[PDB]
């Protein structure tokens, strides 16, 4: 699962191929349905596809992404750093759906839970700008 998740992350963020990464996360989630990384990054794929493909640009894709984050919060709450990650992911979900009010709330939640990421200062300034 560790190697399979690494190959899927590389497809989404390095290769910048969300359709390939989506398939890879679906396969992981077939075997491991409560895997937080697969649930969190499948939502990331769906958010990228919504904003990059006509056939994916529908409320159903965004609803599915939010529901995957909801399922991850359930599992994470059921790991303080992992419970912090989902909150940062909820922030990325709303910074993209233009709701900066809700995004600021999740950004604070993630930071207060001790979420560490080298992109956090770049996100703070972007959130400060919007």
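Residue numbers count along the first chain shown, from 1.
According to the record, the deposited sequence contains 1 to 3 residues between residue 78 and residue 79 that were left without coordinates.
Taking only CA atoms, the mean B-factor in the PDB entry is higher for 96-104 than for the other of 53-61 and 96-104. Mean CA temperature factor is higher for 28-36 when stretches 28-36 and 62-70 are set side by side in the entry. Annotation for residue 110: CA B-factor lies in the middle third of the chain's modelled residues.
In the deposited entry, the Cα temperature factor of residue 11 sits in the middle third of values across the chain's modelled residues.
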